[PDB]
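Below: the structure, in structure tokens.
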Amino acid sequence: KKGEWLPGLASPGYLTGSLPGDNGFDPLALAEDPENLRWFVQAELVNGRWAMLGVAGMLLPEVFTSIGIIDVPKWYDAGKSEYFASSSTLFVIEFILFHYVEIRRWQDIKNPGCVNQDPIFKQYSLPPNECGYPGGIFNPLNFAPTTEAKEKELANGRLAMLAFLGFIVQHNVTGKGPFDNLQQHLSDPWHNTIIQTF
Amino acid sequence: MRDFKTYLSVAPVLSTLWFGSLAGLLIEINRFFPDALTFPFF
Amino acid sequence: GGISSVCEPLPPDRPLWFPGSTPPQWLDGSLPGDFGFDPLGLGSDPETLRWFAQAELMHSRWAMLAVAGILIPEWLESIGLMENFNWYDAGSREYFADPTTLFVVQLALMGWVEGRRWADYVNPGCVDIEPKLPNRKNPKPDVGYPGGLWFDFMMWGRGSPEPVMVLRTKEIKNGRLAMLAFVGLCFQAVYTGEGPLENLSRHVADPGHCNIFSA
Amino acid sequence: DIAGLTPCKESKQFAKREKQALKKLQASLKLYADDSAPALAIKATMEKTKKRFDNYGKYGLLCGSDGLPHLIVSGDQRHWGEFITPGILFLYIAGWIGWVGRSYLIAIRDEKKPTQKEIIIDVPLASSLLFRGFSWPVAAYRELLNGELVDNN
Ligand code: CLA
Ligand code: CLA
Ligand SMILES: CC1=C[C@H](O)CC(C)(C)[C@H]1/C=C/C(C)=C/C=C/C(C)=C/C=C/C=C(C)/C=C/C=C(C)/C=C/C1=C(C)C[C@H](O)CC1(C)C
């Protein structure tokens, strides 16, 4: 289940295969140090999960708007829309809440199993768990966190980060929605590619 | 052939090849993107 | 007695490119088309010799395909079964896509397989395409001469009718002839301003004239 | 209008400088027939000059009282492409070069005769380490965090 990103190339020594989603893809030797690899696993997990949520948010509402079920602005035009609060207050609230929750996450990263307890209602505490996969309240449906689920999550995360990079680059070069780009590609692929937008 | 490749790996020959490739790249960039005072892509 | 599937090196008294001369010490006749021709000593390093042998094989196969795809359609146009064939102007024709996007798609598709071949050359057996059937035993192929179900669906290699060395020298010799032919066609298309078979027709008639010295 | 500088697309002196350049080029052009190679070269130079002046006007550059564009490096967001963006690009490339050189020096440090690998560069290792500087900021930041960037002697 390990596999190879390049069949000819051999896997690095520090990528034995204990970590989920291990295909031996460290050509630049970024994760040679074990502390660096430990940090990069968490960074990959958080970036991939945020990319999942982001790509869903910039793809599915646009698809539903194009279908006609709802009328939602584009992901690049959603900032200028009207809400009950201004963008600055929302940013401040998000900054406060994210400071708290990400400081808690950083404490778990620095020393695992140290911030599992509620600070207000001390009778509530998370069960012992591996770093990056906090069970208990974050897993209400009690899905089994097998290594197959971790590998699937990492694969979908890598695909989502690639999709977000495609999203931002495509909007930078064409100035239109990614699903609009997909429709333009599906209109006639051989004259609607990367080439004819330059 | 190994000795000739070792000679090609010595400092002046490798420096000449590297700097010639770099100079050619810069000259071609200056031909295709001439008179660049700012970075206007962003 | 049976079918030998190993290349047999040529004897040291093999015919050479320059008879009466001493063949170089790094050319011992183990390679296809080995005639002891290395004035510049480019094959002194055995690793570079293997890389150059693979490069010569690749250039041979591409040149044979190229010269076939030039000559056979040109021979069809002269017969009359092709309306407006011209290999020099074939690149500037109108197709269903632009040449740039076709080039990018070709680059991706061909850099898949050229890179699988690279991995095979670096690590023999790392990529296997021939199926591993339950009791069929797959023989280990040489680097640059693969082929089970796909590349050698005829089983004409591996010691069948002509020994592997004989067929490999035949391939290499036809390839060298095709490389020289393709370079000649490329120079003739810009020098004579005409086609290959037309140039052959005006050279066969009055060969004392209509040459390199009369454009 | 930062520091009392008019924009180059709304500057009379910028157009005046373009007029002098085009007039000098036309005076040089008048000596040759229009179908000749020097005339074509002069015409290409004039077209390049016109494109340069139009691009300088449209780029948002601020022109001084002498008709020449003046760069602003104070960090103003309207002029981030004059210094800050090329500065970031240069810092990235220079960090790439420095990180690749440092990695090559570290790799050949524990050899029998390391100096032989400096007068004669070992090309395969250098080409292996060339692309390691693509992610030079991440590697440098982690090495600084793990205390591997510096040597305590
Ligand atoms: C591989 C074999 C080969 C063959 C059969 C031909 C055939 C032909 N060529 Mg081409 N040609 C070739 C390679 C070849 N060429 C090469 C390698 C180049 C340059 C790099 C050229 C460049 C060329 C030019 C510039 C011209 C021709 C023309 C011609 C005609 C000969 C008259 C002459 O003046 O050219 C001789 C030209 C040479 C440069 C000699 C190259 C010979 C190479 C180095 C070796 C071939 C020898 C070898 C024994 C081949 C076996 C022969 C046979 C069994 C196939 C004839 C139709 C002429 C034409 O058609 O005018 C009407 C002409 O103008 N050719
Ligand atoms: C020009 C002559 C030539 C010769 C003598 C050889 C010789 C050799 N090759 Mg090489 N090869 C060539 C050209 C040639 N090759 C080309 C152009 C390519 C690129 C496609 C390759 C790539 C290649 C591969 C990938 C493999 C070989 C292998 C071999 C062996 C098989 C025997 C043979 O090919 O049949 C000798 C007879 C012929 C070549 C006659 C010419 C064929 C005519 C022109 C057309 C074929 C007819 C018909 C259209 C095909 C059937 C139709 C069907 C698809 C419906 C032998 C050592 C195999 C290997 O070494 O494994 C041990 C291996 O699998 N070759
Ligand atoms: C690994 C490795 C290895 C070797 O060794 C070296 C190298 C190669 C260097 C490395 C690397 C690689 C790679 C490829 C990477 C990539 C990355 C990415 C792309 C990420 C993303 C990432 C991404 C992400 C997170 C994303 C996110 C997103 C989000 C939040 C979103 C948001 C939003 C939404 C929803 C909606 C609205 O309307 C808008 C907004 C507001 C905007």
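Protein sequence lines, in the order shown, are assigned to chains x, j, w and f. Residue numbers for the first sequence follow the entry's author numbering, beginning at 53 and rising by one. Residue numbers for the second sequence follow the entry's author numbering, beginning at 1 and rising by one. Residue numbers for the third sequence follow the entry's author numbering, beginning at 53 and rising by one. Residue numbers for the fourth sequence follow the entry's author numbering, beginning at 78 and rising by one. Using N, Cα and C, we set each Cβ at its ideal position, and we do this for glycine too.
Checklist entry - Taking Cβ-Cβ distances shorter than 7 Å, what residues in chain f pair up with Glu87(x)? => result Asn223
Item to check | As assigned by DSSP and simplified to three states, the class of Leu139(f) | outcome: strand
Checklist entry - Mind checking whether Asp85(x) and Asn223(f) have CB atoms under 9 Å apart? => result yes
Item to check | Start-to-end residues for the alpha helix (DSSP H) that takes in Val179(w) | outcome: Element bounds for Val179(w): n/a, residue is neither H nor E.
Item to check | Closest Cα partner of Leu37(j) within the set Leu207(f), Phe160(f) and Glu188(f) | outcome: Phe160(f)
Next on the checklist: With a threshold of 9 Å between beta carbons, is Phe148(w) in contact with chain x?
Outcome noted: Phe148(w) has a beta carbon lying within less than 9 Å of a beta carbon in chain x.
Next on the checklist: Tell me which residue opens and which closes the alpha helix (DSSP H) that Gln248(x) is part of.
Outcome noted: Unbroken run through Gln248(x): none, as it is neither H nor E.
Checklist entry - In this structure, does DSSP put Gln169(x) in helix, strand or coil? => result strand
Checklist entry - Exposed or buried, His156(f), counting other C-beta atoms within 10 Å across all chains shown (16 or more means buried)? => result buried
Checklist entry - Do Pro79(x) and ligand 3 come close, with the Cβ less than 8 Å from some heavy atom? => result yes
Checklist entry - If you pair each beta-carbon of the segment 182-200 of chain f with each one of the segment 68-78 of chain x, do three or more pairs fall below 8 Å? => result no
Checklist entry - Is the CB-CB distance between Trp127(x) and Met110(x) below 9 Å? => result yes
Checklist entry - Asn181(x): which of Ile172(x), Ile161(x), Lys174(x) and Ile145(x) sits nearest, CA to CA? => result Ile161(x)
Item to check | Inter-residue spacing [alpha-carbon to alpha-carbon] between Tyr7(j) and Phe104(w) | outcome: Note on geometry: alpha-carbon atoms of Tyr7(j) and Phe104(w) lie some 20 Å from one another.
Checklist entry - In its own chain, which residues sit with a C-beta less than 7 Å from the C-beta of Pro115(f), not counting the 5 before and 5 after it? => result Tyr109
Item to check | Extent of the continuous alpha helix (DSSP H) to which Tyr181(f) belongs | outcome: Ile161 to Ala184
Checklist entry - Quick one: Cα of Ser142(f) to Cα of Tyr133(f), how far? => result 16 Å
Checklist entry - If contact means a Cβ-Cβ distance below 7 Å, which residues of the segment 54-83 of chain x contact chain f? => result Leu80, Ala81 and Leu82
Checklist entry - Using Cβ-Cβ distances below 7 Å, what residues of the segment 155-172 of chain f are close to chain j? => result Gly158, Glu159, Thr162 and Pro163
Checklist entry - So is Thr226(x) in contact with chain w if we call contact Cβ pairs under 9 Å? => result Taking a beta-carbon distance threshold of 9 Å, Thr226(x) does not count as an interface residue toward chain w.
Checklist entry - Is the Cβ of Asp80(w) closer than 9 Å to any Cβ of chain j? => result no
Next on the checklist: Taking beta-carbon pairs under 8 Å, can you tell me which members of the segment 142-154 of chain x lie near chain w?
Outcome noted: none
Checklist entry - Can you tell which of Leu145(f), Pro146(f), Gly144(f) and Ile165(f) has its C-alpha closest to the C-alpha of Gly152(f)? => result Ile165(f)
Checklist entry - Applying a beta-carbon distance threshold of less than 8 Å, which residues of chain w neighbour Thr249(x)? => result Near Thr249(x) there are no residues of chain w at all, since even the closest Cβ is about 11 Å away, more than 8 Å.
Item to check | Pair within 9 Å by beta-carbon distance, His237(x) and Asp150(w) | outcome: Result no, Cβ atoms of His237(x) and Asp150(w) do not sit closer than 9 Å.
Checklist entry - What number of angstroms, rounded off, separates the C-alpha of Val157(w) from the C-alpha of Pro248(w)? => result 30 Å
Item to check | Rounded distance between the beta-carbons of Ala171(w) and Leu58(x), thought under 8 Å | outcome: 7 Å
Checklist entry - What residues match up with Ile149(f) in a beta bridge as DSSP calls it? => result In DSSP, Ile149(f) forms no bridge with anything.
Checklist entry - Listing by chain order, which chain f residues have their CB less than 8 Å from the CB of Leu14(j)? => result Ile198 and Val200
Item to check | Rounded separation between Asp86(w) and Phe70(w) - CA only | outcome: 12 Å
Item to check | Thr83(f) - DSSP class collapsed to helix/strand/coil | outcome: strand
Checklist entry - Using the beta-carbon count (16 or more within 10 Å), is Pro84(w) buried or exposed? => result buried
Item to check | Sequence-distant residues of the same chain with beta carbon closer than 7 Å to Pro193(w), five excluded per side | outcome: Only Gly199 meet the Cβ criterion.
Next on the checklist: Using C-beta distances below 8 Å, list every residue in its chain close to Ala81(x), excluding the 5 sequence neighbours before and after it, in chain order.
Outcome noted: Within the same chain, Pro64 come within 8 Å of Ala81(x) by CB-CB distance, once the 5 residues on both sides are set aside.
Checklist entry - Between which two residues does the alpha helix (DSSP H) carrying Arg66(w) extend? => result Looking at the DSSP string, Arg66(w) is not in any alpha helix (DSSP H), and its letter there is neither H nor E.
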